[PDB]
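Colleague: I am attaching a structure below and will ask some questions about it afterwards.
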Amino acid sequence: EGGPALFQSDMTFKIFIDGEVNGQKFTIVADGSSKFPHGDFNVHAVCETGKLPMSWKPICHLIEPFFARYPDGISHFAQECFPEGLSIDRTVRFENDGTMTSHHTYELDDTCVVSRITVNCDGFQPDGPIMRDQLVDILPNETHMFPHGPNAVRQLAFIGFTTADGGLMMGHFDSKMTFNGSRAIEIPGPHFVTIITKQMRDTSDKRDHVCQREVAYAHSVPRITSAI
Amino acid sequence: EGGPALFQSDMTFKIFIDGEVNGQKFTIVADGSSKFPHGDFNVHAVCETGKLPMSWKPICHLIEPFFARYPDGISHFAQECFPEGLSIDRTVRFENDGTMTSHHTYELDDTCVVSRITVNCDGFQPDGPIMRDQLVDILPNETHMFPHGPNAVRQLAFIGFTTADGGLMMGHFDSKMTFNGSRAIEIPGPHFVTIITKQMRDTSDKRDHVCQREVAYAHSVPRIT
Ligand code: NA
Ligand code: NA
């Protein structure tokens, strides 16, 4: 198409995140592999600035939409964007807490996808559960994909995180993916991507790091053909 | 006898809506029925005041969470609320347009659930697709249900409506359902309700007559173990 044809290969990825939270700079490098048919892959992410100043949990969406698994009959926008690439502009606004704003660029180097992300995490509560590292898991969710003009798609999500006291920190996620090239590209109709995420810490790597697994896949719902 | 045991049969409902959009007052009355196991049901609505002064599409969510079909390992909060009843306080904020704020109460009379709702639709664009009636389809959604303390559940959704010119009007839906009793109630863990809606214009004359069908069912999504 021929972006989806490229993704019939096994691929690797590398992510460079330049971040700040409340004025304190951080750097994360991440890398991984994803074999066809994709939709289930791990990432190894390391904080290169010593110790991450906030919970690793909200970093989950920063550390590969083209590795989601799409069925027959839904257009896979992120994959169609290649070989030219795509950018992402994203907001995650946490209730009673700060807002993460990011800019993502993706380029293809043969079968490696290289990602550069700058993120500003501002207005975060120093005595809240993100900065106190009191977030215990990431709730699986049904993200909503929408056409967004001729060259973009918008992803909306409610991303929950369970707190150590058994409460819930809710992030309002709004992400626009934009095609970088001049050709016309097939914009999918409204659909969903289900995303399941889990982070783990091992003795393997001694650096501050997570190993995160994501299962991601697209689906539609049966439409109803009359009101009887 | 309480909760889901009250919903094992065929049931009816009646809805009274007291509304305004940009200060224009309107009244809707609606009824329908829902047969066990529920999850697929019709409503028939009439604007008692004549012509609806806005699109009927954003009214879809006002004109029955207890008629969603719940499977066996998810507690069906809205059913569990009965006989005491349930309230809903809900906002739907539309991008580049108005906000609908509604307050619902639900009461069970035998096998009929009666609903009384006030809605305030404020700040709507007189030249936007809501007020100009240029919304065509209601997109299906995956609404997100969360526990919300020991007596409530919060439902979050992205409710989109396509416009005639192929655009999208997006509503941010935020809704709290609260038990009005003193008994301890089981609060379900995080889950989803899939909702598929279709609205039909009916033979009207003096009053708008609209029919709506909704398929709604709960499901809960993998975890990684
Ligand atoms: Na499509
Ligand atoms: Na449950």
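Order determines the names: the first chain of the structure tokens is A, the second B, and so forth; residues in each chain are numbered 1 upward, and ligands are numbered 1 upward as they are shown.
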All residues within 9 Å of ligand 1 are required, counting only C-alpha atoms and all ligand atoms; please report them as a PDB file with N, CA and C atoms, in the first residue's frame.
Modeller:
ATOM      1  N   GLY A  73     -10.076  -5.314   7.085  1.00  0.00           N
ATOM      2  CA  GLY A  73     -11.138  -4.375   6.798  1.00  0.00           C
ATOM      3  C   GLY A  73     -11.134  -3.136   7.676  1.00  0.00           C
ATOM      4  N   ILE A  74     -10.071  -2.929   8.447  1.00  0.00           N
ATOM      5  CA  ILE A  74      -9.858  -1.593   9.031  1.00  0.00           C
ATOM      6  C   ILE A  74      -8.497  -1.051   8.594  1.00  0.00           C
ATOM      7  N   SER A  75      -8.467   0.169   8.028  1.00  0.00           N
ATOM      8  CA  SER A  75      -7.190   0.726   7.517  1.00  0.00           C
ATOM      9  C   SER A  75      -6.246   1.019   8.669  1.00  0.00           C
ATOM     10  N   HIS A  76      -4.976   0.630   8.565  1.00  0.00           N
ATOM     11  CA  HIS A  76      -4.060   0.831   9.689  1.00  0.00           C
ATOM     12  C   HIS A  76      -3.266   2.115   9.427  1.00  0.00           C
ATOM     13  N   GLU A 186      -5.199   6.647   3.054  1.00  0.00           N
ATOM     14  CA  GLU A 186      -6.521   6.157   3.415  1.00  0.00           C
ATOM     15  C   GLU A 186      -6.801   6.412   4.888  1.00  0.00           C
ATOM     16  N   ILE A 187      -7.783   7.252   5.168  1.00  0.00           N
ATOM     17  CA  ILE A 187      -8.089   7.560   6.544  1.00  0.00           C
ATOM     18  C   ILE A 187      -9.140   6.566   7.044  1.00  0.00           C
ATOM     19  N   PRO A 188      -8.801   5.771   8.084  1.00  0.00           N
ATOM     20  CA  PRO A 188      -9.831   4.863   8.605  1.00  0.00           C
ATOM     21  C   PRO A 188     -11.094   5.563   9.112  1.00  0.00           C
ATOM     22  N   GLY A 189     -12.241   4.887   8.996  1.00  0.00           N
ATOM     23  CA  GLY A 189     -13.440   5.304   9.719  1.00  0.00           C
ATOM     24  C   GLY A 189     -13.309   5.032  11.223  1.00  0.00           C
ATOM     25  N   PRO A 190     -14.207   5.626  12.034  1.00  0.00           N
ATOM     26  CA  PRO A 190     -14.153   5.447  13.504  1.00  0.00           C
ATOM     27  C   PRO A 190     -14.024   3.988  13.885  1.00  0.00           C
ATOM     28  N   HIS A 191     -13.104   3.676  14.797  1.00  0.00           N
ATOM     29  CA  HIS A 191     -12.961   2.302  15.276  1.00  0.00           C
ATOM     30  C   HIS A 191     -12.337   2.361  16.671  1.00  0.00           C
TER      31      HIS A 191
END
Colleague: What are the closest atom pairs, with distances in Å to one decimal, for all residues of chain B lying within 10 Å of chain A? Consider only C-alpha atoms, order rows by chain and residue number, and present the result as a tab-separated table.
Modeller:
residue	atom	partner	partner_atom	distance
B:40	CA	A:228	CA	9.7
B:41	CA	A:228	CA	8.4
B:42	CA	A:228	CA	7.1
B:43	CA	A:227	CA	9.4
B:139	CA	A:190	CA	7.6
B:140	CA	A:221	CA	7.1
B:141	CA	A:144	CA	7.9
B:142	CA	A:142	CA	6.5
B:143	CA	A:142	CA	8.3
B:144	CA	A:158	CA	7.7
B:146	CA	A:168	CA	8.9
B:147	CA	A:168	CA	8.8
B:148	CA	A:168	CA	8.9
B:149	CA	A:167	CA	8.7
B:156	CA	A:158	CA	7.6
B:157	CA	A:158	CA	8.4
B:158	CA	A:156	CA	7.6
B:159	CA	A:144	CA	9.9
B:160	CA	A:146	CA	9.1
B:166	CA	A:149	CA	9.7
B:167	CA	A:149	CA	8.3
B:168	CA	A:147	CA	8.6
B:190	CA	A:139	CA	7.9
B:191	CA	A:141	CA	8.7
B:192	CA	A:142	CA	8.2
B:194	CA	A:221	CA	8.3
B:195	CA	A:221	CA	9.1
B:196	CA	A:223	CA	6.8
B:197	CA	A:224	CA	7.4
B:198	CA	A:227	CA	6.0
B:199	CA	A:227	CA	6.8
B:200	CA	A:227	CA	6.7
B:211	CA	A:227	CA	7.1
B:212	CA	A:227	CA	6.1
B:213	CA	A:227	CA	4.8
B:214	CA	A:227	CA	8.1
B:215	CA	A:224	CA	8.3
B:220	CA	A:140	CA	9.0
B:221	CA	A:140	CA	6.8
B:222	CA	A:196	CA	6.8
B:223	CA	A:196	CA	6.3
B:224	CA	A:198	CA	6.4
B:225	CA	A:198	CA	8.5
Colleague: Could you list the protein, DNA and RNA residues that have any atom within 8 Å of ligand 2, counting only C-alpha atoms and all ligand atoms, and write them as a PyMOL selection string?
Modeller: chain B and resi 73-76+186-190
Colleague: Please, what distance in Å, to one decimal, runs between atom CA of residue B:7 and atom CA of residue B:101?
Modeller: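 Going from atom CA of residue B:7 over to atom CA of residue B:101, I get 28.4 Å.
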Colleague: So that I can see what lies close to residue A:57, please list as a list in words the residues with an atom at most 12 Å from it, counting only C-alpha atoms and leaving out residues fewer than 5 positions away in the same chain.
Modeller: residues 52, 62, 63, 129, 130, 131, 132, 133, 134, 135, 136, 137, 138, 139, 159, 160, 161, 162, 163, 169, 171, 197, 198, 199, 200, 209, 210, 211 and 212 of chain A
Colleague: Step one, run DSSP on the backbone; step two, keep only residues of stretch 10-206 of chain B assigned to alpha helix (DSSP H); then write them as a JSON list (two decimals) with N, CA, C and O atoms, in the first residue's frame.
Modeller:
[["chain", "number", "residue", "atom", "x", "y", "z"],
["B", 77, "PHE", "N", -24.40, -2.73, 38.40],
["B", 77, "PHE", "CA", -24.75, -1.66, 39.36],
["B", 77, "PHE", "C", -26.17, -1.13, 39.23],
["B", 77, "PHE", "O", -26.86, -1.08, 40.23],
["B", 78, "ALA", "N", -26.58, -0.67, 38.05],
["B", 78, "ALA", "CA", -27.89, 0.00, 37.87],
["B", 78, "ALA", "C", -29.07, -0.86, 38.30],
["B", 78, "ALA", "O", -30.02, -0.34, 38.90],
["B", 79, "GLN", "N", -29.04, -2.16, 37.95],
["B", 79, "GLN", "CA", -29.97, -3.17, 38.52],
["B", 79, "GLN", "C", -29.87, -3.32, 40.04],
["B", 79, "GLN", "O", -30.89, -3.40, 40.72],
["B", 80, "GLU", "N", -28.65, -3.37, 40.58],
["B", 80, "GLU", "CA", -28.48, -3.54, 42.01],
["B", 80, "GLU", "C", -29.10, -2.40, 42.79],
["B", 80, "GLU", "O", -29.42, -2.58, 43.97]]
Colleague: Which residues are close to residue A:111, i.e. within 9 Å by only C-alpha atoms, leaving aside same-chain residues fewer than 4 positions away? Reply as a PyMOL selection string.
Modeller: chain A and resi 6-7+9-13
Colleague: Take the selection from the previous step and output its residues with N, CA and C atoms, as a PDB file, in the first residue's frame.
Modeller:
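Listed below is the output, selection.pdb:
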ATOM      1  N   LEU A   6       5.368  -3.293   4.275  1.00  0.00           N
ATOM      2  CA  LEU A   6       6.622  -3.192   5.024  1.00  0.00           C
ATOM      3  C   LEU A   6       6.529  -3.870   6.397  1.00  0.00           C
ATOM      4  N   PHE A   7       5.418  -3.667   7.094  1.00  0.00           N
ATOM      5  CA  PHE A   7       5.226  -4.262   8.435  1.00  0.00           C
ATOM      6  C   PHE A   7       4.994  -5.782   8.454  1.00  0.00           C
ATOM      7  N   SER A   9       7.356  -7.671   7.775  1.00  0.00           N
ATOM      8  CA  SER A   9       8.634  -8.020   8.445  1.00  0.00           C
ATOM      9  C   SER A   9       8.622  -7.965   9.973  1.00  0.00           C
ATOM     10  N   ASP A  10       9.538  -8.717  10.567  1.00  0.00           N
ATOM     11  CA  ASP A  10       9.911  -8.542  11.967  1.00  0.00           C
ATOM     12  C   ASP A  10      10.715  -7.252  12.069  1.00  0.00           C
ATOM     13  N   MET A  11      10.447  -6.452  13.107  1.00  0.00           N
ATOM     14  CA  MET A  11      11.076  -5.144  13.221  1.00  0.00           C
ATOM     15  C   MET A  11      11.648  -4.924  14.591  1.00  0.00           C
ATOM     16  N   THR A  12      12.422  -3.856  14.694  1.00  0.00           N
ATOM     17  CA  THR A  12      12.974  -3.411  15.965  1.00  0.00           C
ATOM     18  C   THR A  12      12.641  -1.934  16.096  1.00  0.00           C
ATOM     19  N   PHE A  13      12.861  -1.380  17.289  1.00  0.00           N
ATOM     20  CA  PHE A  13      12.536   0.014  17.505  1.00  0.00           C
ATOM     21  C   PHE A  13      13.452   0.612  18.538  1.00  0.00           C
TER      22      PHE A  13
END
Colleague: Can you tell me which residues surround stretch 93-103 of chain A at a distance of at most 10 Å, considering only C-alpha atoms, apart from same-chain residues fewer than 6 positions away, and format the answer as an MDAnalysis selection string?
Modeller: chainID A and resid 17:22 58:59 62 87 116:126 128:131 158:160 168:176
Colleague: Go ahead and write the residues just picked, N, CA and C atoms, as a tab-separated table (two decimals), in the first residue's frame.
Modeller:
chain	number	residue	atom	x	y	z
A	17	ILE	N	13.59	9.75	24.53
A	17	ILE	CA	12.61	10.66	25.15
A	17	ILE	C	13.41	11.74	25.90
A	18	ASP	N	13.18	12.98	25.49
A	18	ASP	CA	13.73	14.18	26.15
A	18	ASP	C	12.57	14.78	26.97
A	19	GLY	N	12.66	14.72	28.30
A	19	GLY	CA	11.50	15.13	29.14
A	19	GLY	C	11.83	16.14	30.22
A	20	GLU	N	10.77	16.79	30.73
A	20	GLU	CA	10.87	17.48	31.99
A	20	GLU	C	9.54	17.34	32.73
A	21	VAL	N	9.64	17.20	34.05
A	21	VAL	CA	8.49	17.29	34.94
A	21	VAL	C	8.75	18.40	35.96
A	22	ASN	N	7.82	19.37	36.00
A	22	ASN	CA	7.92	20.50	36.92
A	22	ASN	C	9.28	21.17	36.88
A	58	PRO	N	2.78	6.70	34.18
A	58	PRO	CA	2.33	7.61	33.12
A	58	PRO	C	3.23	7.71	31.89
A	59	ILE	N	4.41	7.11	31.94
A	59	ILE	CA	5.36	7.07	30.84
A	59	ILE	C	4.95	5.96	29.82
A	62	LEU	N	4.23	6.68	26.21
A	62	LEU	CA	5.37	7.27	25.50
A	62	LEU	C	6.29	6.17	24.99
A	87	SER	N	4.08	12.02	12.53
A	87	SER	CA	4.30	12.69	13.81
A	87	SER	C	3.11	12.49	14.70
A	116	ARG	N	11.71	9.89	18.20
A	116	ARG	CA	12.18	10.99	19.04
A	116	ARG	C	10.98	11.67	19.64
A	117	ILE	N	11.00	11.81	20.97
A	117	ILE	CA	9.85	12.35	21.70
A	117	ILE	C	10.36	13.45	22.63
A	118	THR	N	9.72	14.61	22.61
A	118	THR	CA	9.99	15.63	23.62
A	118	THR	C	8.70	15.72	24.44
A	119	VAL	N	8.80	15.71	25.77
A	119	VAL	CA	7.56	15.75	26.57
A	119	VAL	C	7.70	16.80	27.70
A	120	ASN	N	6.66	17.60	27.89
A	120	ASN	CA	6.62	18.54	28.98
A	120	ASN	C	5.55	18.08	29.93
A	121	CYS	N	5.96	17.76	31.15
A	121	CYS	CA	5.00	17.34	32.22
A	121	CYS	C	4.84	18.48	33.22
A	122	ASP	N	3.79	19.28	33.09
A	122	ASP	CA	3.72	20.51	33.87
A	122	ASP	C	2.50	20.55	34.75
A	123	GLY	N	2.63	21.24	35.89
A	123	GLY	CA	1.54	21.38	36.87
A	123	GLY	C	1.30	20.13	37.68
A	124	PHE	N	2.29	19.26	37.79
A	124	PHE	CA	2.11	18.05	38.58
A	124	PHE	C	2.21	18.31	40.09
A	125	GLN	N	1.45	17.56	40.86
A	125	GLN	CA	1.30	17.78	42.28
A	125	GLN	C	2.42	17.04	43.03
A	126	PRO	N	3.34	17.76	43.71
A	126	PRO	CA	4.48	17.09	44.34
A	126	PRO	C	4.05	16.11	45.43
A	128	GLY	N	1.05	14.53	45.18
A	128	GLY	CA	0.10	13.61	44.57
A	128	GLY	C	0.70	12.24	44.22
A	129	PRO	N	-0.15	11.28	43.78
A	129	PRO	CA	0.33	9.90	43.55
A	129	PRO	C	1.24	9.66	42.36
A	130	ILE	N	1.32	10.59	41.43
A	130	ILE	CA	2.27	10.42	40.28
A	130	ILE	C	3.69	10.74	40.78
A	131	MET	N	3.84	11.92	41.37
A	131	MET	CA	5.16	12.33	41.88
A	131	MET	C	5.56	11.59	43.15
A	158	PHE	N	-9.45	7.19	27.98
A	158	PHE	CA	-9.48	7.42	29.43
A	158	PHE	C	-8.50	6.41	30.00
A	159	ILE	N	-7.35	6.89	30.43
A	159	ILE	CA	-6.35	5.98	30.91
A	159	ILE	C	-6.34	6.07	32.46
A	160	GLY	N	-6.72	4.98	33.11
A	160	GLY	CA	-6.75	4.89	34.58
A	160	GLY	C	-5.50	4.24	35.14
A	168	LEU	N	-8.05	5.77	42.24
A	168	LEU	CA	-7.90	5.74	40.78
A	168	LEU	C	-7.49	7.13	40.25
A	169	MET	N	-6.35	7.19	39.56
A	169	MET	CA	-5.90	8.43	38.92
A	169	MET	C	-6.28	8.36	37.44
A	170	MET	N	-7.09	9.33	36.99
A	170	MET	CA	-7.66	9.29	35.63
A	170	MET	C	-6.97	10.28	34.73
A	171	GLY	N	-6.43	9.80	33.61
A	171	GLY	CA	-5.80	10.66	32.61
A	171	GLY	C	-6.70	10.78	31.37
A	172	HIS	N	-6.96	12.01	30.91
A	172	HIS	CA	-7.66	12.26	29.66
A	172	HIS	C	-6.69	12.39	28.48
A	173	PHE	N	-6.67	11.40	27.62
A	173	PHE	CA	-5.61	11.22	26.59
A	173	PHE	C	-6.25	11.68	25.26
A	174	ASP	N	-5.56	12.56	24.55
A	174	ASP	CA	-6.01	13.12	23.24
A	174	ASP	C	-4.74	13.21	22.38
A	175	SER	N	-4.69	12.40	21.33
A	175	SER	CA	-3.49	12.26	20.55
A	175	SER	C	-3.87	12.39	19.07
A	176	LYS	N	-3.13	13.20	18.32
A	176	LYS	CA	-3.32	13.34	16.90
A	176	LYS	C	-2.11	12.74	16.17
Colleague: Would you mind listing what lies within 12 Å of residue B:28 as a ChimeraX atom specification, with only C-alpha atoms counted and same-chain residues fewer than 4 positions away left out?
Modeller: /B:14-20,44-53,56,59-60,62-63,115-119,207-210
Colleague: Using only C-alpha atoms for the distances, tell me which of B:145, B:21, B:177, B:216 is nearest to residue B:126.
Modeller: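 Among the listed residues, B:21 lies closest to residue B:126.
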Colleague: Find the residues near residue A:39: any atom within 8 Å, counting only C-alpha atoms, skip ones fewer than 3 places away on the same chain, and give them as a PyMOL selection string.
Modeller: chain A and resi 67-69+214-217
Colleague: Considering only C-alpha atoms, can you say which of B:203, B:163, B:155, B:125 comes closest to residue B:22?
Modeller: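 With only C-alpha atoms as the atom set, the closest residue is B:125.
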Colleague: List every residue of stretch 14-200 of chain B that DSSP, applied to the backbone of this structure, assigns to strand (DSSP E or B), and report them as JSON, numbers by chain.
Modeller: {"B": [14, 15, 16, 17, 18, 19, 20, 21, 24, 25, 26, 27, 28, 29, 30, 31, 32, 33, 34, 40, 41, 42, 43, 44, 45, 46, 47, 69, 86, 87, 88, 89, 90, 91, 92, 93, 94, 99, 100, 101, 102, 103, 104, 105, 106, 107, 108, 109, 112, 113, 114, 115, 116, 117, 118, 119, 120, 121, 122, 135, 136, 137, 138, 141, 142, 143, 144, 145, 146, 147, 152, 153, 154, 155, 156, 157, 158, 159, 160, 161, 162, 163, 168, 169, 170, 171, 172, 173, 174, 175, 176, 177, 178, 179, 191, 192, 193, 194, 195, 196, 197, 198, 199, 200]}
Colleague: So which one's closest to residue A:150, A:77, A:41, A:218, A:112? Using only C-alpha atoms, please.
Modeller: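 Among A:77, A:41, A:218, A:112, it is A:77 that comes nearest to residue A:150.
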Colleague: Quick one: of A:183, A:35, A:206, A:154, who's nearest to residue A:80, counting only C-alpha atoms?
Modeller: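 Smallest distance to residue A:80 is found for A:183.
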